[PDB]
There are 2 protein chains.
Amino acid sequence: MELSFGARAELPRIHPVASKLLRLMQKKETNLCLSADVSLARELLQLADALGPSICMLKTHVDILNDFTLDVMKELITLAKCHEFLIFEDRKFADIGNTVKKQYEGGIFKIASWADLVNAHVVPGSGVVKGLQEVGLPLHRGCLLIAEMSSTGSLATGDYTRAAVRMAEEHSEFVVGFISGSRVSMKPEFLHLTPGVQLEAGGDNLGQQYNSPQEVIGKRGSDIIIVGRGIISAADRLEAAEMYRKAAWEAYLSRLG
Amino acid sequence: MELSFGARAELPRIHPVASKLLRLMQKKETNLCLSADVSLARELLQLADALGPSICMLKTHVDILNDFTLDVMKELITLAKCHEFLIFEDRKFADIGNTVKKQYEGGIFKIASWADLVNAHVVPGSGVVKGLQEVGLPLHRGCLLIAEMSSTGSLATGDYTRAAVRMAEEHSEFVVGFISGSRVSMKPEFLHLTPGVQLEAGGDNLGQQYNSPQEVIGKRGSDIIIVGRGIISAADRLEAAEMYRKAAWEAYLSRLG
Ligand SMILES: Cc1cn([C@H]2C[C@H](O)[C@@H](COP(=O)(O)O)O2)c(=O)[nH]c1=O
Ligand SMILES: Cc1cn([C@H]2C[C@H](O)[C@@H](COP(=O)(O)O)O2)c(=O)[nH]c1=O
């Protein structure tokens, strides 16, 4: 018996960040996360403003933002609050717990001070989560664990995926879901976000592999599609975002029955 | 048949950045990499200058450097040239090929412009290496693949480690070695760098596990020790670096018989 996003937002064990996300997904009829893989602050803010109404989440990539400052982040947060979407930073936390804590809080980027969500690879073992949560829990943040990857030759399969699920379900005070290609947890409190999404079949020239919104949401049971080039390379980015939103949303409704 | 670092520098298939490293290791009698996990440029540069003569490599951590600028990295290059050590940036590239390319070249940090070596996780598949290579190849950079991890619960074991070795073998134009706990390749062109090293037994409270220089160089067959807190937390970091250098160097000499 599958629950709607709005009902999942109310589950007793839901994490506050997941609840906030699920409520705005339901309100706005969007389960699309825009991957904003851009080099300029002006492009990031322009896309966030123009596409904000169509998205539940914006995945930032601050490591490639040539003119990052914390003032840009302040402005991005203003747009996120106005249009109602969460900010998910791309950075791949993937080190021992002692140093990921410093990477999350510190440096020039101060990721924990503006990202609602971050993601981590599980390869270090659960210390990666324990280190992140020492920063994320005081800042009321959530984390996604990379349980599967979309690229050719991915090693995030089999027992590796199972380890990611166990690590999430044992750190539910901080971990709110997964980056995955499919549903991997049977617990409805966890979110599933799927990159490697385009309307048409294909890939890229460096190992990316694409599946459609209907396949990943409808057949594979994921919750949210993450789309970069399928939107940003389109002539009309607003229309492209709307096409992806409508595709992902219908696929969700049809699985819901 | 074990070869000295100086002889390995002359191997037919050696990459130019590995040859440079192996030659300075032999010249200076050091197989120590300092893990400069500090948040201030002045401390980084003071450590690089004082410990430069004792190290073959300095592992930077720019994501935690609160006052990073490219001018700081210019001064680090000057010290690296003066004292003869390589610069290895910590950032754990762990994305699809198309995005890691941009992360390596771009943003504020412009890692490829100053780092001799970078490291990647192999979980995405070989596209991670191909994307980095598209930037680093003409710059005579090299990459290290994370084949094993030192932390409790590491998933970099078994077939995962074997996949890392195969990926390195198959990309030897750019991959010059491993982050590992032991020798994982039989090919002497490859470097093995081992973190999780301290003179004393123990660990940390976030899953780090330590082994001694004698164990990891002498018994486990690795080439270089990566040492952070064992040096950084000492009152006199120069004396500590010298203790680690002598331990790792004499363990290496023991192998040669
Ligand atoms: C963990 C993970 C991230 N991503 C990231 C890389 C890009 O920032 C984004 C996909 O962008 P794209 O839609 O332009 O291919 O998602 C994957 O594509 N696959 C994965 O498995
Ligand atoms: C890939 C990898 C990196 N590292 C990094 C994290 C730190 O920057 C450094 C170890 O620092 P430490 O000597 O203070 O524990 O090396 C590991 O400790 N283990 C690993 O397996």
# chains A, B, ... in the order shown; residues from 1 in each chain; ligands from 1
call {"tool": "calpha_fit_and_write", "arguments": {"fixed": "chain A", "moving": "chain B", "output": "mmCIF file with C-alpha atoms, in the first residue's frame"}}
result
data_model
loop_
_atom_site.group_PDB
_atom_site.id
_atom_site.type_symbol
_atom_site.label_atom_id
_atom_site.label_comp_id
_atom_site.auth_asym_id
_atom_site.auth_seq_id
_atom_site.Cartn_x
_atom_site.Cartn_y
_atom_site.Cartn_z
ATOM 1 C CA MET B 1 0.545 0.149 0.112
ATOM 2 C CA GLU B 2 1.780 3.219 -1.733
ATOM 3 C CA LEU B 3 1.358 6.579 -0.026
ATOM 4 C CA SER B 4 1.292 10.024 -1.546
ATOM 5 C CA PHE B 5 4.162 12.394 -0.851
ATOM 6 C CA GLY B 6 1.845 14.413 1.393
ATOM 7 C CA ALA B 7 1.029 11.363 3.510
ATOM 8 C CA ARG B 8 4.680 10.326 3.653
ATOM 9 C CA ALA B 9 5.423 13.790 5.083
ATOM 10 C CA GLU B 10 3.390 12.770 8.146
ATOM 11 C CA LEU B 11 4.988 9.377 8.780
ATOM 12 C CA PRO B 12 5.998 8.845 12.433
ATOM 13 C CA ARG B 13 9.706 8.396 11.778
ATOM 14 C CA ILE B 14 10.048 11.151 9.152
ATOM 15 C CA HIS B 15 12.982 13.547 9.447
ATOM 16 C CA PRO B 16 11.975 17.241 9.493
ATOM 17 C CA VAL B 17 13.909 18.050 6.295
ATOM 18 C CA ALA B 18 12.259 15.133 4.478
ATOM 19 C CA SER B 19 8.837 16.187 5.727
ATOM 20 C CA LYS B 20 9.402 19.734 4.451
ATOM 21 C CA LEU B 21 10.452 18.366 1.066
ATOM 22 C CA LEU B 22 7.548 15.948 0.771
ATOM 23 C CA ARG B 23 5.027 18.653 1.696
ATOM 24 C CA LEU B 24 6.297 21.045 -0.985
ATOM 25 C CA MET B 25 6.408 18.209 -3.549
ATOM 26 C CA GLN B 26 2.728 17.549 -2.904
ATOM 27 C CA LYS B 27 1.784 21.246 -2.826
ATOM 28 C CA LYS B 28 3.573 22.128 -6.083
ATOM 29 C CA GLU B 29 3.051 18.817 -7.923
ATOM 30 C CA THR B 30 6.750 18.395 -8.565
ATOM 31 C CA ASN B 31 9.223 15.605 -7.959
ATOM 32 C CA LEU B 32 11.917 17.173 -10.156
ATOM 33 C CA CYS B 33 15.398 18.096 -8.893
ATOM 34 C CA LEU B 34 17.300 20.418 -11.229
ATOM 35 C CA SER B 35 21.000 19.572 -11.466
ATOM 36 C CA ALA B 36 22.350 23.105 -11.898
ATOM 37 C CA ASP B 37 25.697 22.167 -13.386
ATOM 38 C CA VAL B 38 26.711 25.684 -14.474
ATOM 39 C CA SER B 39 29.837 27.729 -13.863
ATOM 40 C CA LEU B 40 28.386 31.234 -13.379
ATOM 41 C CA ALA B 41 26.488 32.545 -10.384
ATOM 42 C CA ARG B 42 24.232 34.665 -12.594
ATOM 43 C CA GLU B 43 23.154 31.601 -14.559
ATOM 44 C CA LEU B 44 22.607 29.561 -11.373
ATOM 45 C CA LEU B 45 20.436 32.296 -9.854
ATOM 46 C CA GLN B 46 18.508 32.956 -13.073
ATOM 47 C CA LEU B 47 17.761 29.245 -13.374
ATOM 48 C CA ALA B 48 16.780 28.989 -9.715
ATOM 49 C CA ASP B 49 14.352 31.903 -10.051
ATOM 50 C CA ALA B 50 12.778 30.880 -13.352
ATOM 51 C CA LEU B 51 12.589 27.149 -12.638
ATOM 52 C CA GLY B 52 11.950 27.456 -8.887
ATOM 53 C CA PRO B 53 8.178 26.988 -9.217
ATOM 54 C CA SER B 54 8.740 23.792 -11.246
ATOM 55 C CA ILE B 55 11.228 22.015 -8.954
ATOM 56 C CA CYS B 56 11.256 20.452 -5.510
ATOM 57 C CA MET B 57 15.002 20.737 -5.205
ATOM 58 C CA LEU B 58 18.023 22.371 -6.793
ATOM 59 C CA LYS B 59 21.257 20.401 -6.786
ATOM 60 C CA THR B 60 24.150 22.863 -6.584
ATOM 61 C CA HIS B 61 27.584 22.189 -7.763
ATOM 62 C CA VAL B 62 29.706 24.808 -5.951
ATOM 63 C CA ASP B 63 33.039 23.166 -6.869
ATOM 64 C CA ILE B 64 32.484 24.352 -10.470
ATOM 65 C CA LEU B 65 31.037 27.806 -9.638
ATOM 66 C CA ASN B 66 33.784 30.170 -10.780
ATOM 67 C CA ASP B 67 32.374 33.158 -8.894
ATOM 68 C CA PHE B 68 31.125 31.450 -5.742
ATOM 69 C CA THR B 69 30.644 33.627 -2.698
ATOM 70 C CA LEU B 70 28.525 33.159 0.398
ATOM 71 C CA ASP B 71 26.432 36.109 -0.840
ATOM 72 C CA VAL B 72 25.502 34.037 -3.910
ATOM 73 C CA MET B 73 24.302 31.301 -1.580
ATOM 74 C CA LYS B 74 22.340 33.841 0.486
ATOM 75 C CA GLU B 75 20.483 34.869 -2.668
ATOM 76 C CA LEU B 76 19.921 31.221 -3.555
ATOM 77 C CA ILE B 77 18.411 30.668 -0.085
ATOM 78 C CA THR B 78 16.080 33.613 -0.686
ATOM 79 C CA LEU B 79 14.916 32.019 -3.947
ATOM 80 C CA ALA B 80 14.559 28.607 -2.337
ATOM 81 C CA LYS B 81 12.363 30.113 0.391
ATOM 82 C CA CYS B 82 10.324 32.157 -2.082
ATOM 83 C CA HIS B 83 9.670 29.367 -4.562
ATOM 84 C CA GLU B 84 9.782 26.543 -1.988
ATOM 85 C CA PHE B 85 12.553 24.122 -2.939
ATOM 86 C CA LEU B 86 15.417 22.503 -1.039
ATOM 87 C CA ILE B 87 19.096 23.083 -1.762
ATOM 88 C CA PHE B 88 21.124 19.849 -2.257
ATOM 89 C CA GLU B 89 24.896 20.245 -2.658
ATOM 90 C CA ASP B 90 26.538 17.792 -5.082
ATOM 91 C CA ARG B 91 29.906 17.368 -3.255
ATOM 92 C CA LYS B 92 30.369 13.594 -2.774
ATOM 93 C CA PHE B 93 31.617 13.275 0.805
ATOM 94 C CA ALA B 94 33.707 10.118 0.734
ATOM 95 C CA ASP B 95 36.339 10.287 3.452
ATOM 96 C CA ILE B 96 36.954 9.111 6.989
ATOM 97 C CA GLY B 97 34.642 10.698 9.512
ATOM 98 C CA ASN B 98 37.184 13.075 11.057
ATOM 99 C CA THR B 99 37.931 14.763 7.747
ATOM 100 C CA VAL B 100 34.443 14.849 6.226
ATOM 101 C CA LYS B 101 33.300 16.817 9.282
ATOM 102 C CA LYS B 102 35.703 19.633 8.371
ATOM 103 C CA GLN B 103 34.890 19.452 4.664
ATOM 104 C CA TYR B 104 31.185 19.877 5.399
ATOM 105 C CA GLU B 105 31.483 22.716 7.889
ATOM 106 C CA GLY B 106 34.526 24.652 6.730
ATOM 107 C CA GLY B 107 36.684 26.092 4.023
ATOM 108 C CA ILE B 108 35.470 28.852 1.772
ATOM 109 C CA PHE B 109 32.237 27.084 0.891
ATOM 110 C CA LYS B 110 30.861 26.347 4.400
ATOM 111 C CA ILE B 111 28.455 23.871 2.814
ATOM 112 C CA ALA B 112 26.543 23.031 5.999
ATOM 113 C CA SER B 113 25.590 26.697 6.439
ATOM 114 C CA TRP B 114 23.417 26.764 3.282
ATOM 115 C CA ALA B 115 22.733 23.230 1.994
ATOM 116 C CA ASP B 116 19.620 21.457 3.236
ATOM 117 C CA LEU B 117 20.897 18.133 1.872
ATOM 118 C CA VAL B 118 24.282 16.622 1.119
ATOM 119 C CA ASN B 119 25.241 13.216 -0.255
ATOM 120 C CA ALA B 120 27.912 10.723 0.747
ATOM 121 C CA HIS B 121 29.488 7.652 -0.739
ATOM 122 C CA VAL B 122 29.325 4.678 1.611
ATOM 123 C CA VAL B 123 32.718 3.184 0.667
ATOM 124 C CA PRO B 124 34.484 4.528 3.841
ATOM 125 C CA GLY B 125 32.066 2.779 6.169
ATOM 126 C CA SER B 126 29.632 4.421 8.543
ATOM 127 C CA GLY B 127 32.166 6.896 9.924
ATOM 128 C CA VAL B 128 31.416 9.047 6.884
ATOM 129 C CA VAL B 129 27.827 9.428 8.124
ATOM 130 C CA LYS B 130 28.837 9.931 11.750
ATOM 131 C CA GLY B 131 31.248 12.726 10.851
ATOM 132 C CA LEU B 132 28.692 14.556 8.727
ATOM 133 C CA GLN B 133 26.057 14.123 11.421
ATOM 134 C CA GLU B 134 28.300 15.802 14.021
ATOM 135 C CA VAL B 135 27.888 18.985 11.972
ATOM 136 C CA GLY B 136 24.488 18.644 10.323
ATOM 137 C CA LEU B 137 22.307 17.300 13.107
ATOM 138 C CA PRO B 138 21.561 20.537 15.042
ATOM 139 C CA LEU B 139 21.126 22.426 11.746
ATOM 140 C CA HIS B 140 18.227 20.121 10.792
ATOM 141 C CA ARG B 141 20.187 19.001 7.763
ATOM 142 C CA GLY B 142 19.832 15.633 6.073
ATOM 143 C CA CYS B 143 22.079 13.323 4.130
ATOM 144 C CA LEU B 144 21.535 11.074 1.129
ATOM 145 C CA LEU B 145 23.595 7.909 0.675
ATOM 146 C CA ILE B 146 24.782 6.892 -2.790
ATOM 147 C CA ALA B 147 23.484 3.333 -3.015
ATOM 148 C CA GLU B 148 23.664 2.920 -6.814
ATOM 149 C CA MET B 149 25.234 4.930 -9.636
ATOM 150 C CA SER B 150 24.009 5.569 -13.175
ATOM 151 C CA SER B 151 27.357 5.233 -14.929
ATOM 152 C CA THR B 152 28.810 2.339 -16.902
ATOM 153 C CA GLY B 153 30.894 0.062 -14.722
ATOM 154 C CA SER B 154 29.443 1.295 -11.438
ATOM 155 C CA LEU B 155 30.592 -0.787 -8.488
ATOM 156 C CA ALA B 156 27.617 0.329 -6.369
ATOM 157 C CA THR B 157 25.791 -2.961 -6.777
ATOM 158 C CA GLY B 158 24.940 -6.090 -4.842
ATOM 159 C CA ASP B 159 26.342 -6.139 -1.327
ATOM 160 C CA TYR B 160 27.546 -2.539 -1.717
ATOM 161 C CA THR B 161 23.984 -1.330 -2.264
ATOM 162 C CA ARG B 162 22.782 -3.476 0.645
ATOM 163 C CA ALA B 163 25.435 -1.920 2.873
ATOM 164 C CA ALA B 164 24.225 1.548 1.894
ATOM 165 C CA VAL B 165 20.636 0.636 2.819
ATOM 166 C CA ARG B 166 21.722 -0.777 6.181
ATOM 167 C CA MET B 167 23.803 2.316 6.922
ATOM 168 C CA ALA B 168 20.857 4.587 6.161
ATOM 169 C CA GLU B 169 18.435 2.519 8.252
ATOM 170 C CA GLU B 170 20.838 2.598 11.171
ATOM 171 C CA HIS B 171 21.399 6.390 10.951
ATOM 172 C CA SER B 172 17.846 7.568 10.344
ATOM 173 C CA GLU B 173 18.306 10.555 12.660
ATOM 174 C CA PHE B 174 20.312 12.164 9.843
ATOM 175 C CA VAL B 175 20.137 9.992 6.683
ATOM 176 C CA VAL B 176 16.922 10.798 4.855
ATOM 177 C CA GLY B 177 17.317 8.816 1.667
ATOM 178 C CA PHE B 178 19.369 7.626 -1.258
ATOM 179 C CA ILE B 179 20.846 8.451 -4.585
ATOM 180 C CA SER B 180 19.866 5.318 -6.478
ATOM 181 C CA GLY B 181 18.495 4.059 -9.775
ATOM 182 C CA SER B 182 15.472 2.420 -8.204
ATOM 183 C CA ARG B 183 13.751 1.891 -4.895
ATOM 184 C CA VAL B 184 16.336 0.259 -2.604
ATOM 185 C CA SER B 185 14.594 0.578 0.783
ATOM 186 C CA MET B 186 11.087 -0.592 1.586
ATOM 187 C CA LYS B 187 10.772 2.005 4.341
ATOM 188 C CA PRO B 188 8.600 4.876 3.034
ATOM 189 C CA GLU B 189 10.301 7.459 5.265
ATOM 190 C CA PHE B 190 13.292 7.243 2.915
ATOM 191 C CA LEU B 191 13.544 9.358 -0.216
ATOM 192 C CA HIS B 192 14.893 7.922 -3.473
ATOM 193 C CA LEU B 193 16.503 10.388 -5.899
ATOM 194 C CA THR B 194 17.572 9.133 -9.310
ATOM 195 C CA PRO B 195 20.092 10.794 -11.655
ATOM 196 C CA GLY B 196 20.819 9.511 -15.140
ATOM 197 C CA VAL B 197 17.440 10.732 -16.423
ATOM 198 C CA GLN B 198 16.484 12.045 -19.851
ATOM 199 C CA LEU B 199 13.319 11.891 -21.908
ATOM 200 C CA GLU B 200 15.272 10.390 -24.835
ATOM 201 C CA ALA B 201 17.249 7.163 -24.826
ATOM 202 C CA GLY B 202 21.003 7.518 -24.797
ATOM 203 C CA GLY B 203 24.017 8.403 -22.758
ATOM 204 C CA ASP B 204 27.159 10.469 -22.983
ATOM 205 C CA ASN B 205 30.691 9.682 -24.136
ATOM 206 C CA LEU B 206 32.006 9.418 -20.564
ATOM 207 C CA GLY B 207 29.873 6.608 -19.187
ATOM 208 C CA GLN B 208 26.583 8.322 -18.316
ATOM 209 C CA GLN B 209 23.526 6.198 -19.056
ATOM 210 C CA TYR B 210 19.998 7.616 -19.261
ATOM 211 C CA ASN B 211 16.598 6.202 -18.404
ATOM 212 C CA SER B 212 13.267 7.983 -18.739
ATOM 213 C CA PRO B 213 11.201 9.549 -15.942
ATOM 214 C CA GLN B 214 8.445 7.051 -16.608
ATOM 215 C CA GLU B 215 10.887 4.149 -16.203
ATOM 216 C CA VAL B 216 12.637 5.345 -13.057
ATOM 217 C CA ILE B 217 9.614 6.724 -11.168
ATOM 218 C CA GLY B 218 6.932 4.451 -12.554
ATOM 219 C CA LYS B 219 8.601 1.061 -12.993
ATOM 220 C CA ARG B 220 11.696 1.343 -10.765
ATOM 221 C CA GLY B 221 9.859 2.984 -7.863
ATOM 222 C CA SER B 222 12.019 6.039 -7.283
ATOM 223 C CA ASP B 223 10.646 9.323 -5.900
ATOM 224 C CA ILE B 224 12.550 12.213 -7.505
ATOM 225 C CA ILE B 225 14.358 12.614 -10.826
ATOM 226 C CA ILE B 226 17.655 14.524 -10.956
ATOM 227 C CA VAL B 227 18.073 16.124 -14.384
ATOM 228 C CA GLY B 228 21.026 18.172 -15.591
ATOM 229 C CA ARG B 229 21.742 18.314 -19.340
ATOM 230 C CA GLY B 230 18.215 17.266 -20.329
ATOM 231 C CA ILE B 231 17.140 20.671 -19.026
ATOM 232 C CA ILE B 232 20.309 22.783 -19.041
ATOM 233 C CA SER B 233 21.164 22.161 -22.699
ATOM 234 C CA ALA B 234 17.704 23.145 -23.952
ATOM 235 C CA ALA B 235 17.189 26.576 -25.461
ATOM 236 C CA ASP B 236 14.240 27.205 -23.105
ATOM 237 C CA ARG B 237 15.117 25.665 -19.753
ATOM 238 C CA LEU B 238 11.720 26.518 -18.260
ATOM 239 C CA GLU B 239 9.781 24.608 -20.900
ATOM 240 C CA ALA B 240 12.190 21.697 -20.567
ATOM 241 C CA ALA B 241 11.795 21.673 -16.770
ATOM 242 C CA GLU B 242 8.010 21.616 -17.175
ATOM 243 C CA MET B 243 8.224 18.616 -19.512
ATOM 244 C CA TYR B 244 10.346 16.735 -16.972
ATOM 245 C CA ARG B 245 8.101 17.789 -14.078
ATOM 246 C CA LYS B 246 4.967 16.538 -15.794
ATOM 247 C CA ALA B 247 6.651 13.278 -16.787
ATOM 248 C CA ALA B 248 7.890 12.525 -13.282
ATOM 249 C CA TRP B 249 4.710 13.684 -11.549
ATOM 250 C CA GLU B 250 2.341 11.667 -13.715
ATOM 251 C CA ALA B 251 4.591 8.585 -13.344
ATOM 252 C CA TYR B 252 4.342 8.987 -9.567
ATOM 253 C CA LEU B 253 0.545 9.371 -9.721
ATOM 254 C CA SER B 254 0.387 6.134 -11.725
ATOM 255 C CA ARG B 255 2.011 4.264 -8.836
ATOM 256 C CA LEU B 256 -0.667 5.354 -6.435
ATOM 257 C CA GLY B 257 -3.362 3.664 -8.492
#
call {"tool": "select_by_dssp", "arguments": {"residues": "range 106-236 of chain A", "states": "helix (DSSP H, G or I)", "output": "PyMOL selection string"}}
result
chain A and resi 111-113+127-136+159-169+213-219+229-232
call {"tool": "select_by_dssp", "arguments": {"residues": "range 52-237 of chain B", "states": "strand (DSSP E)", "output": "ChimeraX atom specification"}}
result
/B:57-60,86-93,117-121,142-146,175-179,191-194,224-227
call {"tool": "write_last_selection", "arguments": {"atoms": "C-alpha atoms", "output": "mmCIF file, in the first residue's frame"}}
result
data_model
loop_
_atom_site.group_PDB
_atom_site.id
_atom_site.type_symbol
_atom_site.label_atom_id
_atom_site.label_comp_id
_atom_site.auth_asym_id
_atom_site.auth_seq_id
_atom_site.Cartn_x
_atom_site.Cartn_y
_atom_site.Cartn_z
ATOM 1 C CA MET B 57 54.851 14.740 -1.012
ATOM 2 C CA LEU B 58 52.422 17.108 0.663
ATOM 3 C CA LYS B 59 48.755 16.163 0.586
ATOM 4 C CA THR B 60 46.701 19.365 0.509
ATOM 5 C CA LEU B 86 54.998 16.732 -5.093
ATOM 6 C CA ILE B 87 51.640 18.322 -4.325
ATOM 7 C CA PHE B 88 48.757 15.796 -3.963
ATOM 8 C CA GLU B 89 45.259 17.251 -3.524
ATOM 9 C CA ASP B 90 42.958 15.275 -1.203
ATOM 10 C CA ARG B 91 39.626 15.926 -3.029
ATOM 11 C CA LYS B 92 38.093 12.474 -3.674
ATOM 12 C CA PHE B 93 36.833 12.688 -7.257
ATOM 13 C CA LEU B 117 48.509 14.271 -8.165
ATOM 14 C CA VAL B 118 44.826 13.775 -7.461
ATOM 15 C CA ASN B 119 42.909 10.737 -6.235
ATOM 16 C CA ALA B 120 39.638 9.171 -7.331
ATOM 17 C CA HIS B 121 37.228 6.627 -5.974
ATOM 18 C CA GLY B 142 48.835 11.757 -12.478
ATOM 19 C CA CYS B 143 46.000 10.114 -10.628
ATOM 20 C CA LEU B 144 45.846 7.674 -7.732
ATOM 21 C CA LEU B 145 42.954 5.227 -7.407
ATOM 22 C CA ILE B 146 41.496 4.446 -3.984
ATOM 23 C CA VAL B 175 46.913 6.479 -13.336
ATOM 24 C CA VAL B 176 50.210 6.237 -11.492
ATOM 25 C CA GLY B 177 49.232 4.317 -8.392
ATOM 26 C CA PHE B 178 46.902 3.646 -5.512
ATOM 27 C CA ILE B 179 45.701 4.716 -2.144
ATOM 28 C CA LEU B 191 52.986 3.658 -6.507
ATOM 29 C CA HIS B 192 51.253 2.533 -3.310
ATOM 30 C CA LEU B 193 50.409 5.251 -0.769
ATOM 31 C CA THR B 194 48.996 4.211 2.589
ATOM 32 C CA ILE B 224 54.709 5.779 0.895
ATOM 33 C CA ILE B 225 53.069 6.541 4.240
ATOM 34 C CA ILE B 226 50.467 9.317 4.472
ATOM 35 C CA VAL B 227 50.504 10.817 7.970
#
call {"tool": "decode", "arguments": {"residues": "range 81-96 of chain A", "atoms": "N, CA, C and O atoms", "output": "compact mmCIF listing (two decimals), in the first residue's frame"}}
result
# COMPACT_ATOMS: atom_id res chain seq x y z
N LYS A 81 13.44 29.90 -0.59
CA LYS A 81 12.33 30.16 0.31
C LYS A 81 11.13 30.71 -0.46
O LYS A 81 9.98 30.34 -0.18
N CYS A 82 11.39 31.59 -1.42
CA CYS A 82 10.33 32.23 -2.21
C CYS A 82 9.59 31.21 -3.07
O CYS A 82 8.37 31.12 -3.07
N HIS A 83 10.36 30.43 -3.82
CA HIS A 83 9.76 29.48 -4.75
C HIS A 83 9.44 28.12 -4.13
O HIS A 83 8.72 27.32 -4.71
N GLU A 84 9.97 27.88 -2.94
CA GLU A 84 9.76 26.64 -2.19
C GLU A 84 10.45 25.46 -2.85
O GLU A 84 9.82 24.61 -3.48
N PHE A 85 11.77 25.39 -2.70
CA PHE A 85 12.52 24.20 -3.05
C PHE A 85 13.69 24.05 -2.08
O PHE A 85 14.11 25.01 -1.43
N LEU A 86 14.19 22.83 -1.96
CA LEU A 86 15.36 22.58 -1.12
C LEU A 86 16.64 22.68 -1.93
O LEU A 86 16.65 22.48 -3.15
N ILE A 87 17.73 22.97 -1.23
CA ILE A 87 19.07 23.04 -1.82
C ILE A 87 19.83 21.78 -1.43
O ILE A 87 19.98 21.46 -0.23
N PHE A 88 20.34 21.06 -2.44
CA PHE A 88 21.10 19.81 -2.29
C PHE A 88 22.46 20.05 -2.92
O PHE A 88 22.54 20.26 -4.12
N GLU A 89 23.52 20.09 -2.12
CA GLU A 89 24.85 20.26 -2.68
C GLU A 89 25.40 18.90 -3.09
O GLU A 89 25.36 17.95 -2.33
N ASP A 90 26.09 18.97 -4.26
CA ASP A 90 26.59 17.84 -5.04
C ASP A 90 27.80 17.16 -4.40
O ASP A 90 27.95 15.96 -4.58
N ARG A 91 28.47 17.83 -3.61
CA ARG A 91 29.87 17.45 -3.25
C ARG A 91 29.89 16.02 -2.75
O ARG A 91 29.05 15.65 -1.94
N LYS A 92 30.91 15.26 -3.16
CA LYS A 92 30.85 13.81 -2.87
C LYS A 92 31.58 13.59 -1.55
O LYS A 92 32.80 13.45 -1.56
N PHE A 93 30.85 13.57 -0.41
CA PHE A 93 31.61 13.28 0.82
C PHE A 93 31.97 11.80 0.84
O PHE A 93 31.09 10.94 0.70
N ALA A 94 33.25 11.49 1.02
CA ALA A 94 33.68 10.14 0.75
C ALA A 94 35.02 9.85 1.41
O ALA A 94 35.91 9.23 0.83
N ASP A 95 35.14 10.26 2.66
CA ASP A 95 36.38 10.15 3.41
C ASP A 95 36.05 9.64 4.80
O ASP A 95 34.89 9.44 5.16
N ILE A 96 37.11 9.42 5.59
CA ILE A 96 36.95 9.04 6.96
C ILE A 96 36.17 10.12 7.71
O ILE A 96 36.19 11.31 7.36
